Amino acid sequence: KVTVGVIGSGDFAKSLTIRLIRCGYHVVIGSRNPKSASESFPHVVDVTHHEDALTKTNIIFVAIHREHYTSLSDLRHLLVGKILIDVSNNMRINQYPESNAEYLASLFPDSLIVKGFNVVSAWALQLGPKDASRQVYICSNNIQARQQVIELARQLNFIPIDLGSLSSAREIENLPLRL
């Protein structure tokens, strides 16, 4: 089984882990408190500290909020070359001078940041997307990473919508707030 990483242990991380297992992946979780977080996950999930989880995969969902990204800054060297999937949303349209994915890319300039899955609810990861809204919008400045995340979306039974460069991340982040 291919191993996919998730940083965080909240509702989104738990729901993502469900879907990843159901679709045939092995999951490693990086948590600040893995002994505590371990009960929030099945025994088949490897719950560990961030620095250990990162050695077990090259593709990591960053299932934390933007305001906590700098808590990972000391991992910069270990994260070099890894795909970081920015799943985040904000509470306001155009909240910051940069999109959350561009902010994450500025913190980890030698990682490969891909925006994706922010439009998917936790409940949708558990039950599946509605048949008329299976779409997940994906973008990145790195074409190869973008295509890997597009393929992961397909394996998770979503319809990936390729919006090209990371410049698209801002309006992808605005979309849940628009109607």
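Each residue number is its position in the shown sequence, starting from 1.
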query	finding
Of 106 to 114 and 36 to 44, the stretch whose C-alpha atoms average the higher B-factor in the entry	36 to 44
Stretch exceeding the other in mean C-alpha B-factor - 24 to 32, 121 to 129	121 to 129
Chain thirds of CA B-factor: placement of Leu179	highest
CA B-factor ranking of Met91, expressed as a third of its chain	middle
B-factor third for the C-alpha atom of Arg66 within its chain	lowest
Position of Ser140 among the chain's modelled residues by C-alpha B-factor, lowest, middle or highest third	lowest
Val4 - which third its CA temperature factor falls in, relative to the rest of the chain	middle
